[PDB]
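The chain that follows stands alone, in the form deposited in one PDB entry, written as structure tokens.
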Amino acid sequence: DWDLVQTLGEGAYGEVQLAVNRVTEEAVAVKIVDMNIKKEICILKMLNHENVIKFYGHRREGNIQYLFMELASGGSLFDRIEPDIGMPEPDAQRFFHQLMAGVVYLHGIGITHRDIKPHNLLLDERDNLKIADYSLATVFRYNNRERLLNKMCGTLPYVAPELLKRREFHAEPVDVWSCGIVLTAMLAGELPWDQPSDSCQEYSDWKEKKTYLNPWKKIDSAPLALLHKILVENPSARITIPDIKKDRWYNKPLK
């Protein structure tokens, strides 16, 4: 029925392989998991937006589960990022528009991703950004009540400072922060710091506003103004998405 033709990458749980149908030659992405999975499936079925991977279905063989997702012809945003360069500012702005739309949708249905980074942002045939990999995603709003998060997870260069330092924190500002690191990656082709901690010299340099160093040097003043509002240490002062949508660079016509 299915031939694991190429391994695509490791998810938080198990791996995802490019599977080819041996009857139609259908190229599709499948996540294999032998034995939280109840939760990742529940969440995938809630998901319906142009900037979130299309969810197909699931089947169990013993304690081995199968998740099928729309294969991304474009691959990952990571592969569109030239090390030490990034990408043309107009392409960065379009991907950031689509990433915001994806994130507005997810937060709208009380879901937080918790691992936004270029490896998990896929591109379709016409280069549309899709947020994939819901293995860390969880509900932060249900029956119109916010739940605070208390599980540390994600990728250290992407995680917000509050997640390293607070017992509990709001979900939405954590996703916004990781969108800021992604914007940094797209415009500079490098990550600013290993982790946003007081011990980390690059992160201290940023707090003390030294934007004459890298990667901020390589970033035009308009997008850097926006990164100034996103990468704010106190999550309560950090810009929200409604207010990102009012940002000058965000509304700047480009190309």
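Counting begins at 1, following the sequence as shown. Here, rigid core means the biggest group of C-alpha atoms that superpose within 1.5 Å across both forms.
Below, we turn to the form deposited in another entry, even though it does not appear here.
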The mover among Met46, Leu191, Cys200, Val28 between this form and the one not shown, judged by a CA shift of 2 Å or more on the rigid core, is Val28
- Query: Would you say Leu18 moves between this form and the one not shown, meaning its CA shifts by 2 Å or more once the core is fitted?
  - Reply: yes
Working note: in the other form the C-alpha atoms of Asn48 and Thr24, off by 3 Å or more, come closer
